[PDB]
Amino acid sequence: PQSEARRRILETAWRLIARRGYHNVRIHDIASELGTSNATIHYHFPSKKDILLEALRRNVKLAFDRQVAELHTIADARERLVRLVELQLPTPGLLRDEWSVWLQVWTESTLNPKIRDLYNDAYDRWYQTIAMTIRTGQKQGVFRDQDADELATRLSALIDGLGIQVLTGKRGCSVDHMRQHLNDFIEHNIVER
């Protein structure tokens, strides 16, 4: 009843924030899209920053559930790492929108401590996932010996950089090109020769 009103507001706000930008989304844009009042929205989220914070929290959870679903039947660490990286591509739809929002979060983080803390915890979880995957492939003998933390740092960084090049329209860049670049890095920098 009320938890349902919240989720709908957040789902709508996420999409609007992704496609129009957080500072260009007004409360009445959300209320119009859903048929509610500005007052209902204010009741659940007294400030716009609260809509962003709670929308991010909901999405980090959705995204992690997606990850769990995609990987649970995968035991080979190369296949796991390949899938993990695939889940990070800004493919058409929800993943492209998530990227759109994360780019905004990088900036808003430099200014809002709750957003900064949420982004860091979400980042850290991913970072540990990557590092853990590396150490499994190392134990399985399919990945080269190398410090997994430095490698998780590098892979994560490479991914974010490439995504920017996709979103900002760098000439020759596409999701297929990013995919190819990242698969080349895995095959030549991570996989055991």
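One rule holds for the numbers: they count along the sequence shown, beginning at 1.
- A summary of the deposited B-factors shows that, of 160-168 and 26-34, the stretch with the larger mean C-alpha value is 26-34.
- Between 129-137 and 39-47, the higher mean Cα B-factor belongs to 39-47.
- Sort the chain's modelled residues by C-alpha temperature factor and residue 111 lands in the highest third, per the entry.
- Per the deposited record, the Cα B-factor of residue 66 falls in the middle third when ranked against the other modelled residues of its chain.
- When the modelled residues of the chain are ordered by C-alpha B-factor, residue 154 sits in the lowest third.
- Ranked by Cα temperature factor within the chain, residue 92 sits in the highest third according to the deposited record.
- Per the PDB record, residue ranking by Cα B-factor puts residue 76 in the highest third of the chain.
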